[PDB]
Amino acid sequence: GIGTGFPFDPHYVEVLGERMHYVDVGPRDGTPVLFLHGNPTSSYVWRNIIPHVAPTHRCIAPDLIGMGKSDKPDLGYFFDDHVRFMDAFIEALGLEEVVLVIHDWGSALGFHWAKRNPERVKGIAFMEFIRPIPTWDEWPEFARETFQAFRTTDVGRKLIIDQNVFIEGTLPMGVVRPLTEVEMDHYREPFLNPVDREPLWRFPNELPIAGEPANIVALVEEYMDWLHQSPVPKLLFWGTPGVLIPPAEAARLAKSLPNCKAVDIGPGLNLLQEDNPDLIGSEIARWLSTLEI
């Protein structure tokens, strides 16, 4: 079956005065592989991919601030806040060069960090990643009405904060196969207290859709432009129908991105890791063996 356990010893590091939790497994030397989750997940989303990689490479998987087992400061939980904390996490572990494996808002962090630190990125594997969505028509039809509602202060907070819709509704709708209760309970655990749900609401309000917020559109356009001019090895996983990255978009990127291999993981929405962890993990391990690391 698909594993439901999380058999990783907890590690913590102090970051801007807060403790951040992270997985750290695999060999001690070499180039580490840094796995960045997004909304509304945690390092749990990588639990069945890490074991394919850990035999050959160090795997580091932090929980974003306010998420997973990381601390919950008083924060806006803006993308800008996550940039400060992730920048500081990477320096607090003393990382030098890395390979990135990134998803959803973790991909916006990873691509933005790579743009600003290009000499330190030896490869990027990515899936269901943040790109500009120029109009609402380019958001999947089945999810337009809900994300339009999320992007309000009254109805959106009632849904996501009061009723925990991103965890109880949106997350399962991002997986083709049924999630089981152990898996849901791991995703629920950081958010049992409603007042701890601000990241889950601020994130969809940061998504670059139909030109807003314009600062996030600008930041994401910048790292997409960087990506298209970078020789860094790239590995793109995509599913059908997808959510952020539909098949036609994956095919465009497979053509336009330098040094990019694309892999079709079969049926998939947003949390591709939950529908096909073994192909994602085995293809990352293979690709790592071809990098000059």
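Residues carry their position along the shown sequence, with the first being 1.
Annotation for 266-274 versus 5-13: the higher mean temperature factor (C-alpha) is found in 5-13.
Of the two segments, 28-36 and 47-55, the one listed with the higher mean B-factor is 28-36 (C-alpha atoms only).
For the set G94, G110, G76, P204, the PDB entry puts the maximum C-alpha B factor at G94.
Considering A143, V182, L200, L219 together, the PDB entry gives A143 the largest C-alpha B factor. The PDB entry assigns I280 a C-alpha temperature factor belonging to the lowest third of its chain's modelled residues. Looking at the C-alpha B-factors along this chain, the one for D196 belongs to the middle third. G106: CA B factor lies in the lowest third for its chain, per the PDB record. In this PDB entry, the Cα temperature factor of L236 sits in the middle third of its chain's modelled residues.
When all modelled residues of the chain are sorted by CA temperature factor, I160 is found within the highest third.
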